[PDB]
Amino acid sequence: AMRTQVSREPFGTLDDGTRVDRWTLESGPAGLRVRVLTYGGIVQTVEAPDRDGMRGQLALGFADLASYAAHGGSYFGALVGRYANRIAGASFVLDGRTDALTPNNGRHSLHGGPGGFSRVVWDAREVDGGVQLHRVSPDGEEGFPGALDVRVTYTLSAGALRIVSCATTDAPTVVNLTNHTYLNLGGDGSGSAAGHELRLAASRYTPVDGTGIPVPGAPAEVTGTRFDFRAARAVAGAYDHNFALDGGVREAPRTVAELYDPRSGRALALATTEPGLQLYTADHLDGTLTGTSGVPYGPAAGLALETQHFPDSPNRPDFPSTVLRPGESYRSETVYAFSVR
């Protein structure tokens, strides 16, 4: 392995004039190049070699800041918070108190609200092997109680990108942070990713109603259903579903997903501490947005594998708790390890 090179350059200004920087993490031709924006903690690009050793850009994204500012609805590459995915009715109860959120997804709250973590600028500083983003989300931001002191550290070692998210709070709150990177292992401009083979270490999933809220009941078995990825197989269909990862919440990350493109030979092993994984096949994409490789993105142009706690957890005490209290430390860790076959 070669030493990770870290550099920072201006990436432009938001409409309100806020400056945004782009951090580049580079581990050489046999490794990766990853670029991260201080805006929304966005992973703008991920480049990795194919089986012939040729570097290619894999993440769905845009070449320019203006596109991210204007089209945040896809959450391309985004650090998502304070609460990733949906809270039913844009409301929940915590310690006897009802919290009202902005209904930005029909009746529901999605991905932390209109001004969620993916649409604010983070402070950044260099650390060994990468960049650490830091921002305090004040008490009441998007309706969530408590000032949440958040640090998200992106580091690169050879072919593996590691993202560690840490937080503390000054009052009880809920927290569920993830990264919403979509990948096409054949390249973001290569067309559909539905031919990718996916294996998930998940024997159960979270069935939902038409608006993405989990129906009453324990996670359902995947056996006999279209959600069975226990053996590697083409993604093939449309998904926007949470899987209950075997083993639940873990103190150290373990491989929970393996994604593979037979054409290029690029492989991803995704490891996480999280109990859940949202698989989303980008079906909202309609060929109108031109991505970084200069090709308009159609449905399934990339796949998002978002490690997370389960949808609607603040309204579901049967799900692994997303509550954080003063004196406690929130920690989540996900590793994207690239290789070839």
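Numbering starts at 1 and follows the sequence shown.
Stretch comparison (99-107 versus 81-89) by mean CA B-factor in the PDB entry places 99-107 on top. For the segment pair 211-219 and 183-191, the entry gives 211-219 the higher mean B-factor, averaged over Cα atoms.
Of the candidates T155, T178, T255, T169, the deposited coordinates give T169 the top C-alpha B factor. In this structure the maximum Cα B-factor among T272, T292, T38, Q308 is found at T292. When the modelled residues of the chain are ordered by their C-alpha B factor, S67 lands in the highest third. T322 sits in the lowest third of its chain by CA B factor, as recorded in the PDB entry. In this PDB entry, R19 carries a Cα temperature factor that places it within the highest third of its chain's modelled residues. Annotation for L285: CA B-factor lies in the highest third of the chain's modelled residues. The deposited CA B-factor of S7 belongs to the highest third of values across its chain.
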